[PDB]
Structure formats: C-alpha cells, structure tokens
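Asker: Below you'll find the structure I mean.
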Amino acid sequence: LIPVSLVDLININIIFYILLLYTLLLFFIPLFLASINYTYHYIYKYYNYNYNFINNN
Amino acid sequence: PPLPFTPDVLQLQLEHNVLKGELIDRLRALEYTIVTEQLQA
C-alpha cells in the first residue's frame, strides 16, 4: 500500500507542514487569549466592604 | 440642666474626631465608585 512507506515516515514535506502550522500558532496566540471572562465584573459588583460605623453610645 | 447626665467632653470629642474622618473617608470611596457609575451610564 502507498501509505506503507519508509519515505513517508520522515517526510520533510509534513515537517514543513508542522513547522508552518505551529509558527502560525505562535503568531496567533495573543489573539486566542483575547476572550473575556465576566468574573471581575462579579467581584466589583458583589464585593461589599462593611459600611456600618462604630458608635460607642 | 437640659441633660440627665454628665457627658465626658474628652471622650465625645474623641468619638467625634474619629467618626468625622471615617465619614469623609467613606464619601471619598463613594465618589470613587460613582466615577465608575457615571462612566457606565
């Protein structure tokens, strides 16, 4: 069979494929990280320090 | 007299001076938070 071949085991063409693929991955990481979570919105809205005052009398 | 007791003027000026700063420091925190509400608005 064709895919049963030692030439296709260390094929430099697929290595170029992998190289270009992961270089492009590296180039686009800062866009994959650009998703917003709404957890600090929750922290801002719900974190309420104690607003009661001290009154000895 | 108008009062029924003898107030300790030192302890009242103490609580007054402490409580005054706590109120001003509270208003500054609220003005700080209002800035984020008049931005969101």
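By order in the structure tokens, chains are A, B, ...; within a chain, residues start at 1; ligands start at 1, following the order shown.
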Select residues of chain A: the criterion is any atom within 9 Å of an atom of chain B, counting only C-alpha atoms; output as a list in words.

Answerer: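 Using only C-alpha atoms, chain A residues at most 9 Å from chain B: residues 51, 53, 54, 55 and 56 of chain A.
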